[PDB]
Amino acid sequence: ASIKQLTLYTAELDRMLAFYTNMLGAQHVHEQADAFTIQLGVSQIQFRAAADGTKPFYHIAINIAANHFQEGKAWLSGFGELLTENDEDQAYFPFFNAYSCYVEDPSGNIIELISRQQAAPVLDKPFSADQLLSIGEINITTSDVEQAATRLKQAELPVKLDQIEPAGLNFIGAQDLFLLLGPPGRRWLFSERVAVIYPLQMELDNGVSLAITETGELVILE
């Protein structure tokens, strides 16, 4: 399964627009009324203006070819200081057998480039903005982890209920797509920001559609 559409909010719509227009190219970013969309391979993200008094941010990982990590890292570093953790500007996660690259955007989103060494294809050609494959990860920060895992399982997603941990982060998915299901509070790696509940909507490849309210409740829309 893949993310076809992702709806996120932002308190820096104008700055966000310029940032991504400069990063992805005018041919991948469409400005709309009080919102704009960006194209990331087979995935699309619409950023909508956030409600006053709030400054939403999320953790978004973008898939890139197994052999494009170094190039992706260099490309990403041209748009912002690369984030570090343990004084390292990149990380290797053995569970996903992937290398990841991080940068913060104007609204404080943790933008990540993830290169899956075996779960992503090898593209014998130069990396470029046009080479972003799709959304590989998105955080589902909920006020009730067990309830979300349940409804997600009901939505027919790969879920091991007896393995879900309410107080921690839980990887839900397979192949090149994982939902980072967890509670608010914990600091995000490569970031000063701690997990906080913010609304969002998501439409998957299989027609499944779900949203997270401002309360943090996960609810299957479709």
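Numbering starts at 1 and follows the sequence shown.
The question of which stretch, 62-70 or 24-32, has the higher mean Cα B factor is settled in favour of 24-32. The stretch 145-153 shows the higher mean C-alpha B-factor when 145-153 is compared against 106-114 in the entry. In the deposited coordinates, the residue among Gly41, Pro166, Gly173, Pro56 with the greatest CA B-factor is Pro166. Looking at the C-alpha B-factors along this chain, the one for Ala129 belongs to the highest third.
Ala49 sits in the middle third of its chain by CA B factor, as recorded in the PDB entry. Per the PDB record, residue ranking by Cα B-factor puts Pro94 in the lowest third of the chain. Residue-level temperature factors show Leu161 in the highest third of its chain, judged at the C-alpha atom.
Per the PDB record, residue ranking by Cα B-factor puts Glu85 in the middle third of the chain.
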